[PDB]
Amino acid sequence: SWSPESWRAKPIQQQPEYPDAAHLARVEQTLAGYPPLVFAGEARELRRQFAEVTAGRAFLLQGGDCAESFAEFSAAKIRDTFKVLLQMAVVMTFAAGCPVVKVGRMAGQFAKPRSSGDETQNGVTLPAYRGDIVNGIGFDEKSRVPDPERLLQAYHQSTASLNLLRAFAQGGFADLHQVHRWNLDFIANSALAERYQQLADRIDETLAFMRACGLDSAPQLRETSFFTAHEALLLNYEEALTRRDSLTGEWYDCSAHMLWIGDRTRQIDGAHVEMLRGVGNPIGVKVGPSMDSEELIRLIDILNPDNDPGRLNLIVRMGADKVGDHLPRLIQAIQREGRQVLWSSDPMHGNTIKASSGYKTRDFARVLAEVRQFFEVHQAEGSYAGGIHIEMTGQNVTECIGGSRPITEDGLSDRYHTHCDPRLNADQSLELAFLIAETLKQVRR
């Protein structure tokens, strides 16, 4: 049996050490009485769309921030990231004839898991930066001491962001007639921009023809659903935002539509798995090179006992060099055991190079190579390459090398070469979308 607090009896990784247990417990009670970010009905609806993807009838697009910050809390940033998602989605939808389920790493992607629990600079040692929901990026004691009030500031940033996203998605901004306005102005003067603009023209023509057929007022052309997801890492936050469905009594983590377990916190006897075990949300697990096939099946026994087809997303991040070698055996096990899973590629977290200095690089060529091999492996095994899961930005930067143009080492993107990881820019997100699109067309031909 399970409760929202049953995770507290399990062994646990990646949790901060709060200096005042009582203070933390008061912030948790405050948050427990605040309204949920999502309504349980919607999580059920996302499960229904996951099941469509799992059965080969749609494709999952999951994208957004590496970690949202308090210092970057702007309408512009939320809008631009959502623009890139819509662009990708329409490119894939039109070229492949395939519904795309859109899920943003947004409105609650704050907590960060770290390779080390502390950090050392010239003889001074401080707790590690774990994301703004926990503590601050500044290398100094007041910054790094965990502050339970940050829970509430993360929540407030999240209701603001999701409120705006829901407005954009339902209120006209995502209407297919807006197809051109989704292109950020810095995608121009290149074969790729020309390419989007031509596809957009084709969409204009499609809608004009639908209008001439008598379908101009269909609500389906004017609005779309956008869902939210983050890593369920800080379980105090997740617990306070877990709520019983009014109609059914069943527990849902209402911090987000979908939650996932990170690669370093997926211990089968651990707290993170125990949390997600007993919520009704669609969920995901990060599947990196350390996962073997026995371990994977046991994990699925726990996270999806009834083998429901819209429950579990397996998010494969292996490295461009390792996916060929590791994935086949994992799929084969799932097929053999008759499991229903949604297979996604995270082509980014397995392709990060750390220099001795701590400076992080991601070669976009390797990101593409992992993706291409993901699809090849599915192709060979008879299973379905079901989704993509990327870190990206609508800001005019270049954080991943070996793209089309050389990188920007801005300072605005220094956070994304040290404490966070390099994100795809809009050029890169779009080229990815076109590659996915051709590949999907070929699968379905």
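Numbering starts at 1 and runs along the sequence shown.
Taking the mean C-alpha B-factor of each stretch as recorded, 293-301 and 99-107 are not equal, and the higher mean is that of 293-301. For the pair 167-175 and 265-273, the mean Cα B-factor is higher in 265-273. For the set 67, 407, 31, 388, the PDB entry assigns the largest Cα B-factor to 407.
Ranking 393, 54, 62, 418 by Cα temperature factor from the entry places 418 first.
Residue 124: CA B factor lies in the highest third for its chain, per the PDB record. Compared with the other modelled residues of the chain, the Cα B-factor recorded for residue 414 ranks in the highest third. Annotation for residue 137: CA B-factor lies in the middle third of the chain's modelled residues. The deposited CA B-factor of residue 375 belongs to the middle third of values across its chain.
Sort the chain's modelled residues by C-alpha temperature factor and residue 149 lands in the lowest third, per the entry.
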